[PDB]
Amino acid sequence: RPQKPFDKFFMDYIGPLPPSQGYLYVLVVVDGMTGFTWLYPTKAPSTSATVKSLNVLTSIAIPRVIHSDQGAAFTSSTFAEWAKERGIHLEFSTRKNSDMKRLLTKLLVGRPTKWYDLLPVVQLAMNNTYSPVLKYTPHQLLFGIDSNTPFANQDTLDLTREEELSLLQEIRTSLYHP
Amino acid sequence: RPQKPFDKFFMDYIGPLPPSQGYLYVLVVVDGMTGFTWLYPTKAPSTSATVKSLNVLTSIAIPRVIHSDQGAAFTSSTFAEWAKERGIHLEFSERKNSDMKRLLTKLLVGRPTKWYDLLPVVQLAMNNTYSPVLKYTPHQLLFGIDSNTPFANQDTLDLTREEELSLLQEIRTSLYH
């Protein structure tokens, strides 16, 4: 039903999480086509924060549809006026999101103080992990299967810090087959 | 000298600008290889905000080197420690990245009340305009020459509003001329 990359996004908040540099929530945005995940950390599951993050993301491309939960952030009057102006169509429903979000929450809660700093590494690892459904990584599907990737050591994603490898090894093993 | 996208970034703020939606500055980040541009709307030309925007950015990948002017944001000892930790070399010192800053400022200043909401449109038009030097748009260079196009129409870029279509024409008229 999504036609190309950046055509349909799947959107929800996770947390609340332990405070990490004043951050408590993560807006998770998954591309329908490629499965590419954008992790935007926020201080509030709000519309204002949501419009901030999406203004960054939609700098790349404006979707035709957005799918979400019924959280207050997404049902708001100001959010609809934002969509209708951007041209975007809205959609609500309350599956595969469940497993992914739950795994992500376990990971970020397991790094109570640091999780904000390790966020980028989390997003990188999940996007560069073989999905047995897609037969490629979501990064490969977004940037080109044969493209020269920004990583030399594909095995290690150019990660050197021992706590960041611990993250990678764990994500690869448990992301799709629990 | 760049081999891949995400090898080298060129960084610099633009501002202060007339304040809309609370924001005063815009961190402009440009990719060495592809010329792809990320504009980040900010409150201050601070280190704090550079880190914030770069954490979103470096989610996609760690850049190996970052080129920047010796502005306060980039020269603080903590931004030196923030880059150190994840193995990024900082490059303190060329006309072509300043020719675009001035080209950008005048587009933003031009709509003193509107610019922040048009920021995403500004970027969308920059990364999706054919470059003479490159022979391709920078979106094509980051995502693939054969990458899916981030729009339905090459002329409009799926844009309808008055300022958008004004911007797009200005951006297409003046970028490389």
# chains A, B, ... in the order shown; residues from 1 in each chain; ligands from 1
call {"tool": "closest_atom_pairs", "arguments": {"of": "chain A", "to": "chain B", "cutoff": "9 Å", "atoms": "only C-alpha atoms", "output": "JSON lines"}}
result
{"residue": "A:4", "atom": "CA", "partner": "B:148", "partner_atom": "CA", "distance": 6.7}
{"residue": "A:5", "atom": "CA", "partner": "B:148", "partner_atom": "CA", "distance": 6.9}
{"residue": "A:6", "atom": "CA", "partner": "B:150", "partner_atom": "CA", "distance": 7.0}
{"residue": "A:7", "atom": "CA", "partner": "B:150", "partner_atom": "CA", "distance": 8.4}
{"residue": "A:38", "atom": "CA", "partner": "B:59", "partner_atom": "CA", "distance": 8.1}
{"residue": "A:39", "atom": "CA", "partner": "B:56", "partner_atom": "CA", "distance": 7.8}
{"residue": "A:40", "atom": "CA", "partner": "B:56", "partner_atom": "CA", "distance": 6.9}
{"residue": "A:41", "atom": "CA", "partner": "B:56", "partner_atom": "CA", "distance": 8.6}
{"residue": "A:55", "atom": "CA", "partner": "B:120", "partner_atom": "CA", "distance": 6.2}
{"residue": "A:56", "atom": "CA", "partner": "B:120", "partner_atom": "CA", "distance": 6.8}
{"residue": "A:57", "atom": "CA", "partner": "B:120", "partner_atom": "CA", "distance": 8.5}
{"residue": "A:58", "atom": "CA", "partner": "B:120", "partner_atom": "CA", "distance": 6.5}
{"residue": "A:59", "atom": "CA", "partner": "B:120", "partner_atom": "CA", "distance": 4.1}
{"residue": "A:60", "atom": "CA", "partner": "B:124", "partner_atom": "CA", "distance": 5.9}
{"residue": "A:61", "atom": "CA", "partner": "B:150", "partner_atom": "CA", "distance": 5.4}
{"residue": "A:62", "atom": "CA", "partner": "B:150", "partner_atom": "CA", "distance": 7.6}
{"residue": "A:63", "atom": "CA", "partner": "B:150", "partner_atom": "CA", "distance": 8.8}
{"residue": "A:85", "atom": "CA", "partner": "B:161", "partner_atom": "CA", "distance": 8.8}
{"residue": "A:86", "atom": "CA", "partner": "B:159", "partner_atom": "CA", "distance": 8.8}
{"residue": "A:87", "atom": "CA", "partner": "B:159", "partner_atom": "CA", "distance": 8.9}
{"residue": "A:117", "atom": "CA", "partner": "B:55", "partner_atom": "CA", "distance": 7.9}
{"residue": "A:119", "atom": "CA", "partner": "B:59", "partner_atom": "CA", "distance": 7.5}
{"residue": "A:120", "atom": "CA", "partner": "B:59", "partner_atom": "CA", "distance": 3.9}
{"residue": "A:121", "atom": "CA", "partner": "B:59", "partner_atom": "CA", "distance": 6.3}
{"residue": "A:122", "atom": "CA", "partner": "B:59", "partner_atom": "CA", "distance": 7.9}
{"residue": "A:123", "atom": "CA", "partner": "B:59", "partner_atom": "CA", "distance": 5.9}
{"residue": "A:124", "atom": "CA", "partner": "B:59", "partner_atom": "CA", "distance": 5.6}
{"residue": "A:127", "atom": "CA", "partner": "B:60", "partner_atom": "CA", "distance": 8.4}
{"residue": "A:139", "atom": "CA", "partner": "B:60", "partner_atom": "CA", "distance": 8.7}
{"residue": "A:142", "atom": "CA", "partner": "B:143", "partner_atom": "CA", "distance": 6.7}
{"residue": "A:143", "atom": "CA", "partner": "B:143", "partner_atom": "CA", "distance": 4.3}
{"residue": "A:144", "atom": "CA", "partner": "B:144", "partner_atom": "CA", "distance": 5.9}
{"residue": "A:147", "atom": "CA", "partner": "B:144", "partner_atom": "CA", "distance": 7.4}
{"residue": "A:148", "atom": "CA", "partner": "B:4", "partner_atom": "CA", "distance": 6.7}
{"residue": "A:149", "atom": "CA", "partner": "B:4", "partner_atom": "CA", "distance": 7.4}
{"residue": "A:150", "atom": "CA", "partner": "B:6", "partner_atom": "CA", "distance": 5.8}
{"residue": "A:151", "atom": "CA", "partner": "B:61", "partner_atom": "CA", "distance": 8.0}
{"residue": "A:157", "atom": "CA", "partner": "B:61", "partner_atom": "CA", "distance": 8.9}
{"residue": "A:158", "atom": "CA", "partner": "B:62", "partner_atom": "CA", "distance": 8.4}
{"residue": "A:159", "atom": "CA", "partner": "B:86", "partner_atom": "CA", "distance": 8.2}
{"residue": "A:160", "atom": "CA", "partner": "B:86", "partner_atom": "CA", "distance": 8.1}
{"residue": "A:161", "atom": "CA", "partner": "B:86", "partner_atom": "CA", "distance": 8.0}
call {"tool": "write_last_selection", "arguments": {"atoms": "N, CA and C atoms", "output": "compact mmCIF listing (two decimals), in the first residue's frame"}}
result
# COMPACT_ATOMS: atom_id res chain seq x y z
N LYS A 4 6.44 4.03 -2.70
CA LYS A 4 7.88 4.26 -2.82
C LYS A 4 8.43 4.64 -1.43
N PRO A 5 9.76 4.76 -1.28
CA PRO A 5 10.29 5.29 -0.02
C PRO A 5 9.75 6.68 0.28
N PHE A 6 9.55 6.97 1.56
CA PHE A 6 9.01 8.26 2.03
C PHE A 6 7.57 8.50 1.59
N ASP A 7 6.81 7.44 1.33
CA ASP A 7 5.42 7.63 0.91
C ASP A 7 4.45 7.46 2.07
N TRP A 38 13.58 6.00 11.76
CA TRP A 38 14.11 7.23 12.37
C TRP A 38 13.71 7.37 13.85
N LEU A 39 14.73 7.42 14.71
CA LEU A 39 14.57 7.64 16.15
C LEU A 39 14.83 9.10 16.59
N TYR A 40 13.77 9.88 16.80
CA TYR A 40 13.90 11.27 17.30
C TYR A 40 13.61 11.39 18.79
N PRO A 41 14.64 11.66 19.62
CA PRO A 41 14.40 11.73 21.07
C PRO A 41 13.69 13.03 21.45
N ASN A 55 9.42 18.11 10.84
CA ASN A 55 9.87 19.21 10.01
C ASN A 55 11.30 18.93 9.52
N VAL A 56 12.06 18.20 10.34
CA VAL A 56 13.39 17.75 9.97
C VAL A 56 13.27 16.64 8.92
N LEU A 57 12.56 15.57 9.27
CA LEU A 57 12.35 14.40 8.42
C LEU A 57 11.76 14.77 7.06
N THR A 58 10.72 15.60 7.06
CA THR A 58 10.06 16.00 5.81
C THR A 58 10.83 17.07 5.07
N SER A 59 12.03 17.36 5.53
CA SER A 59 12.94 18.19 4.77
C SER A 59 13.49 17.37 3.59
N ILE A 60 13.56 16.05 3.80
CA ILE A 60 13.97 15.07 2.80
C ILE A 60 12.83 14.79 1.82
N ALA A 61 11.64 14.53 2.36
CA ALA A 61 10.48 14.16 1.55
C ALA A 61 9.18 14.24 2.35
N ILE A 62 8.15 14.76 1.70
CA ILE A 62 6.83 14.90 2.27
C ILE A 62 5.99 13.66 1.92
N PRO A 63 5.54 12.91 2.95
CA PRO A 63 4.77 11.69 2.73
C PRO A 63 3.41 12.01 2.16
N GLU A 85 -2.02 21.29 5.62
CA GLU A 85 -1.24 22.34 4.97
C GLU A 85 -0.07 21.73 4.21
N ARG A 86 0.55 20.71 4.81
CA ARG A 86 1.67 19.98 4.20
C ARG A 86 1.16 19.07 3.09
N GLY A 87 -0.15 18.82 3.07
CA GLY A 87 -0.80 17.99 2.06
C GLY A 87 -0.97 16.55 2.52
N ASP A 117 22.66 9.24 24.40
CA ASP A 117 23.93 9.21 23.65
C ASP A 117 24.03 8.02 22.70
N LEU A 119 21.36 6.47 21.41
CA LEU A 119 20.25 6.49 20.45
C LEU A 119 20.78 6.33 19.00
N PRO A 120 21.64 7.26 18.51
CA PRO A 120 22.10 7.19 17.10
C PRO A 120 22.67 5.82 16.71
N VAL A 121 23.42 5.21 17.63
CA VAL A 121 23.94 3.87 17.44
C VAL A 121 22.83 2.82 17.34
N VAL A 122 21.72 3.03 18.06
CA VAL A 122 20.60 2.11 18.03
C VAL A 122 19.94 2.15 16.65
N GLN A 123 19.67 3.36 16.18
CA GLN A 123 19.05 3.57 14.88
C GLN A 123 19.90 2.98 13.75
N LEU A 124 21.20 3.28 13.79
CA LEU A 124 22.18 2.78 12.84
C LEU A 124 22.17 1.25 12.78
N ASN A 127 18.81 -0.23 11.35
CA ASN A 127 18.74 0.03 9.92
C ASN A 127 19.80 -0.76 9.12
N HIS A 139 18.60 0.07 5.43
CA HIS A 139 19.54 1.02 4.84
C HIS A 139 19.82 0.70 3.35
N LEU A 142 17.13 1.84 1.22
CA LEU A 142 16.93 3.30 1.18
C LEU A 142 18.00 3.99 0.32
N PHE A 143 19.25 3.58 0.52
CA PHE A 143 20.37 4.24 -0.13
C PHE A 143 20.90 3.52 -1.37
N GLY A 144 20.30 2.37 -1.71
CA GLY A 144 20.78 1.56 -2.84
C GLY A 144 21.49 0.31 -2.38
N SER A 147 25.16 0.42 -3.34
CA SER A 147 25.81 1.68 -3.03
C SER A 147 26.99 1.46 -2.11
N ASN A 148 28.01 2.31 -2.23
CA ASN A 148 29.13 2.25 -1.33
C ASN A 148 28.66 2.85 -0.01
N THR A 149 28.57 1.99 1.00
CA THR A 149 28.01 2.31 2.32
C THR A 149 29.00 3.16 3.09
N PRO A 150 28.51 3.96 4.06
CA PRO A 150 29.44 4.80 4.82
C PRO A 150 30.34 4.02 5.79
N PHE A 151 30.27 2.69 5.77
CA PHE A 151 31.04 1.88 6.71
C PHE A 151 32.08 1.05 6.01
N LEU A 157 30.14 -2.12 11.75
CA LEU A 157 29.60 -0.78 11.45
C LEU A 157 30.49 0.38 11.92
N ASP A 158 31.81 0.15 11.91
CA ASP A 158 32.81 1.13 12.36
C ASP A 158 32.63 1.56 13.83
N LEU A 159 32.15 0.63 14.65
CA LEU A 159 31.98 0.82 16.08
C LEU A 159 33.20 0.30 16.83
N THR A 160 33.73 1.11 17.74
CA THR A 160 34.94 0.76 18.50
C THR A 160 34.70 0.66 20.01
N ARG A 161 33.89 1.58 20.55
CA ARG A 161 33.54 1.56 21.98
C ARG A 161 32.83 0.27 22.36
call {"tool": "residues_around", "arguments": {"residues": "residue 73 (chain B)", "least_positions_apart": "4", "cutoff": "8 Å", "atoms": "only C-alpha atoms", "output": "list in words"}}
result
residues 45, 46, 47, 48, 50 and 79 of chain B
call {"tool": "residues_around", "arguments": {"residues": "residue 13 (chain A)", "least_positions_apart": "5", "cutoff": "10 Å", "atoms": "only C-alpha atoms", "output": "PyMOL selection string"}}
result
chain A and resi 25-29+39-42+44-46+50+68-69+71+73+101
call {"tool": "residues_around", "arguments": {"residues": "region 95-99 of chain B", "least_positions_apart": "5", "cutoff": "10 Å", "atoms": "only C-alpha atoms", "output": "list in words"}}
result
residues 10, 11, 12, 28, 30, 35, 104, 175 and 176 of chain B
call {"tool": "residues_around", "arguments": {"residues": "residue 90 (chain B)", "least_positions_apart": "3", "cutoff": "8 Å", "atoms": "only C-alpha atoms", "output": "list in words"}}
result
residues 65, 66, 67, 68, 80 and 83 of chain B
